[PDB]
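**Q** Once you've seen the sequence and the experimental structure below, I've got questions.
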Amino acid sequence: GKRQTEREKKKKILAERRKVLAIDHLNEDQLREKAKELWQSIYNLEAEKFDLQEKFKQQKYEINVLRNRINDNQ
Amino acid sequence: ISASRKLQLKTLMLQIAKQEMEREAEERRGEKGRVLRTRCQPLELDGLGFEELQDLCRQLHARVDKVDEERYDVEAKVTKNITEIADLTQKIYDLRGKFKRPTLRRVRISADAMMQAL
Amino acid sequence: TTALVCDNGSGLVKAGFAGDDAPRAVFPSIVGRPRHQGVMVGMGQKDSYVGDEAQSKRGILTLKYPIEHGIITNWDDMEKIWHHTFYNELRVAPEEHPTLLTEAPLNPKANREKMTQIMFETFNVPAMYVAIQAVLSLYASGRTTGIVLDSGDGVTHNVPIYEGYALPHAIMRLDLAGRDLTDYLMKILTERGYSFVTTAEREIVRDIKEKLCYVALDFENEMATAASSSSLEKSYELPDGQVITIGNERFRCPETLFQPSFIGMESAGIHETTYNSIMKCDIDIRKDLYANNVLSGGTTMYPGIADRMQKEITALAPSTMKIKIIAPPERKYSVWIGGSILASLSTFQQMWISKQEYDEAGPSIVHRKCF
Amino acid sequence: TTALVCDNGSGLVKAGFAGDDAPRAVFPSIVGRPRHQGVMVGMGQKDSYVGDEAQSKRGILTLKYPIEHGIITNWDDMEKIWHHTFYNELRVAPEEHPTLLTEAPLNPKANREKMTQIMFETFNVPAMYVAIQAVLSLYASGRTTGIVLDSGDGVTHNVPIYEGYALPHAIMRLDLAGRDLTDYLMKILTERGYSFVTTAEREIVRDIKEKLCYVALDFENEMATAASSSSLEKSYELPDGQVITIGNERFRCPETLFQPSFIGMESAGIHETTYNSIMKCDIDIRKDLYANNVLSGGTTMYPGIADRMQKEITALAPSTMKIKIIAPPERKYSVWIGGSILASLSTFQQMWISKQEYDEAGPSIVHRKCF
Amino acid sequence: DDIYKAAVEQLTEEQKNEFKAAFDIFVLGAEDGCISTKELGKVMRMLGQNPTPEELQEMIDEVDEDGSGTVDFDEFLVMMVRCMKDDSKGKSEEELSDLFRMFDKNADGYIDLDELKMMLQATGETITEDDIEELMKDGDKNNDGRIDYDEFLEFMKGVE
Ligand SMILES: Nc1ncnc2c1ncn2[C@@H]1O[C@H](COP(=O)(O)OP(=O)(O)O)[C@@H](O)[C@H]1O
Ligand SMILES: Nc1ncnc2c1ncn2[C@@H]1O[C@H](COP(=O)(O)OP(=O)(O)O)[C@@H](O)[C@H]1O
Ligand SMILES: [Mg+2]
Ligand SMILES: [Mg+2]
């Protein structure tokens, strides 16, 4: 449905989600700290996306239930 | 049989179902935690040169933005799911509102107390 | 804040805050100036008693209703009635409350425009909305289809509705109502010797009609029975003694509804204008309208009308359809209960005619999108 | 994965997954906007009811078919119908399923190209293929030769096939079909007093045609019998009562098929366009076509047509040839059953129009090798 | 006693003392405390919150069926817990939806009688021919080949 519009929205949100940081301005311990921080951030990403998938599954089951019940109407 | 007996057995069945649901929810919570642990790989940054760890972090950043894209995909899909859920709720509510329109109101507010002032 | 669900009506003004079960204050809509001279000094005699106060001093007043048939014929008196309703029966200043008036179908435009102009200029309400008196009565029944016969005291109108889509070409408005029945009863009481003439005694005849009259299931059999036995003669005590005995005037007064030829009206009764209103509808929604016939309004409270009407319609309608007549016990306040429900809805909260909109388009805003 | 065998048709959309016996969801293809005003607030009133939902609220809608005669005249409504079919009647997203539409012979190119462009851009299917509605009906009979008369509701076409080699010069497409029979029945019912005018009452006349009409074996004898006795008058109850009695309108409505002069059409009946379609074929395959005449489509379900057609063709054809008319009991869904069989074949699996091919050649790919 | 003492705590010992005082108010009094039987009708007349005829039928079945001429303190509090509003609010629509989804392991959009039996027997309760079949007569009102969604959604209305 106007996939150009959807891609524009995707670009805007991804630019919001876009994170580029300094890569050559930290020492070894700072570098390791940043690596660990990125690991924990993407770990939160994994957990949240697992939540997204599970809630999508639950929602899809409810959609099946509601569709079945409205078909049981007639 | 007696209506009270059937009601009590139904109540027991519902309580057991709720207990099973809570146990399965605990199981799913633990399983999700463990699997999410499996998705994330351990990081050993000790004895890492600036270039090596810098490249590793840049790879992690690229993967992070990939995760952002995939989350955008699943979030668009889940918004579609929520939209169709709202549509199903609307249609079912309309079918029930063939016979349930004025069901939302409040009655007997303040006049039923005022009786003898006249 | 809360909305004021006023309902002008014609004969009883019913008002109250939105969201309750029953109107807070119900009182006749009459304004009566004194007519005699008055000799006591300093008695504190006012120049016009309105509302329920003039039903207690009616012995020396000349009561006159400000609403004849739905339409309003005397705007100053109607303004006085509204002022009384807001300030003394509810004691809430209108500057802080939306209002939801009600209006009969097919009424003159000027009446509605003047009503909104008064509400916005004199009382200065925040926002007011005018609704058709039958859709509310359909709200109160909890239905969404059905053909509602709202036989008030001023005018009887019959609005069919299906699935929420009103059918504007099938509204049959008839001007026979409770007031004409009161006049006809007052006219047939003279056949026994009781003469009521004064505008105050019209109230006594109205009380007789309310307490004694009933609708006969079969008219000819009742006329024959009342002319042989004497099991029908019920007596009633006037406000001063001298009990009276009503014979076959009991079921002849409300029979005028089904035979408007009694008071010289040409049209057909309320039993046949409903069938005509149905037959103007499309061929596929006639079964639902047959099954969900709704009664409302005060005058449909006669004991035994929900059976006479069903018998008549079953005689007219095809033999296969099922005829059902919904007659809730809270018939009199059905319109106001529906008004409260409608004003309490969240979806309706943006349909009010906001004051800035009126300032931009004048009183003719009511005919526009904000209906 | 599994393929979606949709079949647009004109009057009933039939769809279902490939490899079954009957379509999963069959529902009329009508899209009806409401026409009255609508007074109930918050009732959840939509702007267009499509499919089988608009056959229940048809009392306040204006139903309009989006497909007139095979061709599609209103592309937005057709897109709405397809969207409903995919998402609510089958509940399978089209992003993961090939589709197999069907199209009448000799239709405008632009219709087919727009159909494929919609299926590839809006619904974004993996691959779609368009097939002629008669070859499928020949698949379902399990034959490989024969001349199939597919008298649908939009258009009647007659495609002869021999040994799998279609004869493109012998296709006789005639635009008389079920819809014209409905209109003619609605026009001859007025001779008794019953007037159906609204687009909603066309559905009632269609039901009358389906349940009562039959094809007479001999027309003049039936006309003489119905004019003397009264053994034919069958009654039918409208959706509101008032039963009606159909006399010799019973076999006069479907007689239009064999005498298209009744509705003013010049051409010859379905009994003579089949013989003409045969005679255009070569002289050596006429016996096989005579022996394997196939009937399909909805309108060929009239009780007694498989005998009238055989009698007519036997009258026309040479006396030596044997005339046999194949009329399977599953006539209505014959095209869709054949479509399922064709989509389930392994040899056919590489004929789909893959999306990358469409991206390289545009919508005009359908006329190319991938037919 | 689990359901019974749960009902006891529903009208707890404070409510027990309140109703004991009310009983002393409406009882015959000036007696040995032998406890009458009509006292459950006397309280029905007294408190204004008259027990429903169903509650009176339950009382007649439970007590006075043998000509006791008195109502036992346990049975009196049984009747009292039958009069005061110890409602369970019929759970919630979402909770019912979750429970029915778990009953619909088959995800058929409805509950089967086999599902009913399995869920009941997962509780350990004796589910014999006196059940299910009675529930076919009673639990499933429609009995139109299965237990449809509104059938069991509305079946558990105002229940625990
Ligand atoms: N109990 C009753 N029995 C018979 N007639 C009644 C009764 N109550 C009211 N009426 C008639 O109905 C009229 C009141 O109708 P109402 O519904 O108040 O009119 P409106 O629509 O103007 O509010 C009175 O004038 C009276 O004649
Ligand atoms: N049992 C029946 N008897 C007579 N006519 C029928 C019957 N069923 C369907 N028809 C006619 O056939 C039409 C349906 O034809 P159909 O084969 O669905 O067309 P399409 O080829 O567009 O699918 C209907 O409009 C109806 O007029
Ligand atoms: Mg009224
Ligand atoms: Mg077809």
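**A** Arrived safely. Residues are numbered from 1 along each chain as shown, chains lettered A, B, ... in the order given. Ligands and ions are numbered 1, 2, ... in the order given.

**Q** Could I get the buried residue list for stretch C:179-189?
**A** Neighbour counts over stretch C:179-189 (16 or more other Cβ atoms under 10 Å in any protein chain shown) mark C:179-182, C:184-186, C:188-189 as buried. C-beta coordinates here come from the backbone N, C-alpha and C atoms, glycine included.

**Q** Whether it contacts ligand 3 - can you check?
**A** No. Using Cβ under 5 Å from the ion, stretch C:179-189 never reaches ligand 3; the gap is at least 12.5 Å.

**Q** Output that stretch as CSV, restricted to C-alpha atoms.
**A** The C-alpha trace of stretch C:179-189 is given here as CSV (Å, rounded to 0.1, in the frame of the first residue of the first chain):
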residue,chain,number,x,y,z
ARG,C,179,-54.4,16.9,24.1
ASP,C,180,-57.1,16.1,21.5
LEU,C,181,-58.1,13.1,23.6
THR,C,182,-58.5,15.4,26.6
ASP,C,183,-60.7,17.8,24.6
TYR,C,184,-62.8,14.9,23.2
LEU,C,185,-63.3,13.5,26.7
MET,C,186,-64.3,16.9,28.0
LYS,C,187,-66.7,17.1,25.1
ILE,C,188,-68.3,13.7,25.7
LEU,C,189,-68.6,14.1,29.4
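
**Q** Quick check: closest non-adjacent residue to residue B:91.
**A** Leaving aside its sequence neighbours, residue B:91 sits nearest to residue A:70 (Cβ to Cβ, 6 or more residues apart in numbering or on different chains; 6.4 Å).

**Q** Closest residue of chain A to chain E?
**A** residue A:68 (2.4 Å; Cβ to the nearest Cβ).

**Q** what's near enough to touch that residue?
**A** E:108-110, E:149 (Cβ atoms under 8 Å, 6 or more residues apart in numbering or on different chains).

**Q** Look at the residue nearest to residue B:91 and give its secondary structure.
**A** Assigned with DSSP: H, G, I helix; E, B strand; the rest coil, residue A:70 falls in the helix class.

**Q** thinking it is in contact with residue B:95, fair?
**A** Yes. If you go by Cβ atoms under 8 Å, residue A:70 and residue B:95 touch, sitting 7.1 Å apart.

**Q** Tabulate the contacts of residue A:68 (TSV), appending distance to chain C, neighbour count and secondary structure.
**A** Output for the contacts of residue A:68, formatted as TSV (distance: Cβ to the nearest Cβ, whole Å; neighbours: other Cβ atoms under 10 Å in any protein chain shown; DSSP: H, G, I helix; E, B strand; the rest coil):
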residue	distance to chain C	neighbour count	secondary structure
E:108	31	14	coil
E:109	26	20	coil
E:110	27	21	coil
E:149	22	22	helix
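
**Q** Which of those residues sits closest to residue C:328?
**A** Taking Cβ to Cβ as the measure, residue C:328 lies nearest residue E:149 of the contacts of residue A:68, at 30.4 Å.

**Q** Can you tell me the number of residues neighbouring the closest residue to the closest one other than its chain neighbours?
**A** Excluding its sequence neighbours, the residue lying closest to residue E:149 (Cβ to Cβ, 6+ apart) is residue A:69, at 4.1 Å. Using other Cβ atoms under 10 Å in any protein chain shown, residue A:69 has 18 neighbouring residues.

**Q** Please tell me how far residue A:69 sits from chain C.
**A** Separation of residue A:69 from chain C (Cβ to the nearest Cβ, to the nearest Å) stands at 20 Å.

**Q** residues contacting that residue?
**A** By Cβ under 8 Å, 6+ apart, the contact list for residue A:69 reads B:92, E:109-110, E:148-150.

**Q** Identify the farthest-apart pair in these.
**A** Counting by Cβ to Cβ, the most remote pair of the contacts of residue A:69 is B:92 and E:110, 14.9 Å apart.

**Q** tell me which element residue 39 is part of?
**A** If you meant another chain, say so; for now it's chain A. Residue A:39 belongs to helix A:28-73 when assigned by DSSP states H and E.

**Q** Just want the most central residue of chain E.
**A** residue E:82 (7.6 Å; Cα atoms, centre = their mean).

**Q** The residue lying closest to it once chain neighbours are set aside: neighbour count?
**A** Nearest residue to residue E:82 in three dimensions, chain neighbours excluded: residue E:55, at 4.5 Å (Cβ to Cβ, 6+ apart). Residue E:55 has 18 neighbouring residues, counting by other Cβ under 10 Å.

**Q** Surely residue E:55 touches residue E:81?
**A** No. Distance between residue E:55 and residue E:81: 9.9 Å, which falls outside the contact criterion (Cβ under 8 Å).

**Q** Enumerate every residue touching the residue positioned nearest the centre of chain C.
**A** By Cα atoms, centre = their mean, the mean C-alpha position of chain C lies nearest to residue C:152, the distance being 2.6 Å. Going by Cβ under 8 Å, 6+ apart, residue C:152 touches C:9-11, C:104, C:133, C:177-178, C:297-299.

**Q** count of neighbours near residue 42?
**A** Picked chain A for this. 21.

**Q** meant chain C, my bad for not saying
**A** 5.

**Q** How about residue C:123, nearest residue that isn't a chain neighbour?
**A** That would be residue C:94: by Cβ to Cβ, 6+ apart, it lies 4.3 Å from residue C:123.

**Q** What is the burial count for the one you found?
**A** 22.

**Q** Run a quick check on it versus residue C:4, I expect a contact.
**A** Yes. If you go by Cβ under 8 Å, residue C:94 and residue C:4 touch, sitting 7.3 Å apart.

**Q** and for those two, which residues touch both?
**A** Each of residue C:86 lies in contact with both residue C:94 and residue C:4 under the rule Cβ under 8 Å, 6+ apart.

**Q** Before we go further, residue C:222 is sitting in a helix, right?
**A** Yes. Counting by three-state DSSP, residue C:222 falls inside a helix.

**Q** now it, nearest residue through space, not along the chain?
**A** Spatially, and ignoring its direct neighbours in sequence, residue C:222 is nearest to residue C:216 (4.1 Å; Cβ to Cβ, 6+ apart).

**Q** what are the phi and psi angles of the one you found?
**A** Torsion angles at residue C:216 (phi, psi; degrees, to the nearest 10) stand at phi -80, psi 140.

**Q** Isn't it up against residue C:255?
**A** Yes. Contact criterion Cβ under 8 Å: residue C:216 and residue C:255 qualify, at 6.6 Å.

**Q** count of neighbours near residue E:25?
**A** 13.

**Q** Now it: which helix or strand?
**A** Using DSSP H and E, residue E:25 maps to helix E:13-26.
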